[PDB]
Amino acid sequence: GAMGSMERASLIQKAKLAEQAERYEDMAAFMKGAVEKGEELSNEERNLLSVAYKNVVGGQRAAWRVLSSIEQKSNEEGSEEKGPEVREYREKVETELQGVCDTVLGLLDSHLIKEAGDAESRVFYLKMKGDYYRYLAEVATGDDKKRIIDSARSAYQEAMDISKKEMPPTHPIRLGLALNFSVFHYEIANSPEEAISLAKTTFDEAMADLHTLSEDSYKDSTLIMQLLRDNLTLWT
Amino acid sequence: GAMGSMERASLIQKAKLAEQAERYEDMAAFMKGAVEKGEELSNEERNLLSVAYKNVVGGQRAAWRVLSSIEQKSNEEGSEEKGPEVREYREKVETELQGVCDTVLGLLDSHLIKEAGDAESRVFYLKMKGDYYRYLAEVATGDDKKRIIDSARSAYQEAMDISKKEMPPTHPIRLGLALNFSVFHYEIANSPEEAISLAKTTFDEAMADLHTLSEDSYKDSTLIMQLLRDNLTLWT
Amino acid sequence: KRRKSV
Amino acid sequence: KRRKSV
Ligand SMILES: [Cl-]
Ligand SMILES: [Cl-]
Ligand SMILES: [Mg+2]
Ligand SMILES: [Mg+2]
Ligand SMILES: [Mg+2]
Ligand SMILES: [Mg+2]
Ligand SMILES: [Mg+2]
Ligand SMILES: [Mg+2]
């Protein structure tokens, strides 16, 4: 693509510089170029990829929600007609969001997932797949909303099944995946009980495994377990 | 341009929504489209314009400085050769920064400044002109650095001369202009004394005029006077 | 306040 | 800490 002429290593290096510069769109494009080199990503690179897009899409999601709330307010009784702009601009932000999600999903489908044989990679990419369908679900309102949700669900489920089989319950990817899948349940699938059961069980199974960990692994896991607890506290 | 088909009012409305969504690139493009409608900007619109670009360019400047420092570190004795990437990517960010600054300067030159007859508009745009040449100066290293600086200086000076003639010393635009011109002196023109004299005099002349102000004007001015003082405290 | 995802 | 401009 645009990054076709840059060395894979240089893209990765630049992705890391963009991350330092908080230039996440650039980071994302560098990482996309790196993915598109066709080589599997190392753990670090997969996290670079994830960080880049999460940040890009997180800005678009936060924007979309701002615009969505504005738009919902203009749709209330007594709201003064302001014309199409709010909807137009929400749609613009939404479209751009969908296109980032489509791009990530496209990187996962071509060909990250199919080449990812290790649990850490495969779960990670499936989680990412769940996450980006989830972001699509967040803005979905059409005939495809159920299928988008189902795709998020199916990706998360396959990631959960592998993570459960192949990773310790404290594995940060397993924990992050469960955290997000729990959020998917709560806020996308209208299954707050499942969301809560998932976060509870995940937290408790991780708790029971902490003893196996070095101090640094302990810190990685407990960091994520705390996010599970924050949700549980929020949700209960 | 891209915004040629959108109503001026809709661009302004969208600029305001983008601002709410913190989507400053979008805000900036909307405001650029609005400027390019050819009509003068109202005070609010000029501030929308300024806010949009300041934020865009402020992200690029912060990025550039991150990358610049990295690059300077790779240029120190004992630094491990990392190849061209840091410089390349600094240059990419720098180029994009220059292009934003060129775009703003281009909006000012075509045709904001020449149509801006009121002090509040004309000073404001000249300040903006000084600011965007200043941002260009910040990254300038070539044969044009002196001329870029001179352009910043000349714009600020014309803005200062008008502001001094036409605005009260507490006018927030006069204060902001003096604040930036003082920063220009300190950090671009290597004239920290002038920077300090300017911020001192500006602060003190504004102080002596506060008594004329309503509470809300007082708050606007003192807000800026505090930035002058913060610089003075920083610089002395 | 916003639920966490990672 | 960073000088102010506006
Ligand atoms: Cl739009
Ligand atoms: Cl580059
Ligand atoms: Mg190669
Ligand atoms: Mg009404
Ligand atoms: Mg229940
Ligand atoms: Mg019209
Ligand atoms: Mg060495
Ligand atoms: Mg002295």
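Numbering starts at 1 and runs along the chain as displayed.
Backbone N, Cα and C define each Cβ position, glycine as well.
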Which residue from B:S10, B:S197, B:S221 is recorded in Swiss-Prot as phosphoserine?
B:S10
If you count the other Cβ atoms within 10 Å of each Cβ, which of the recorded sites B:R61, B:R134 comes out on top?
B:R134
Of B:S10, B:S79, the modified residues given in the record, which has the fewest other CB atoms within 10 A of its CB?
B:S79
For the C-alpha pair, I'd like the distance in angstrom between B:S10 (phosphoserine) and B:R134 (site 'Interaction with phosphoserine on interacting protein'), rounded off.
31
Secondary-structure category, per DSSP, in which B:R61 (site 'Interaction with phosphoserine on interacting protein') falls:
helix
Quick one: of B:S10, B:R61, B:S79, B:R134, which recorded positions have a CB closer than 8 A to some CB in chain A?
B:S10
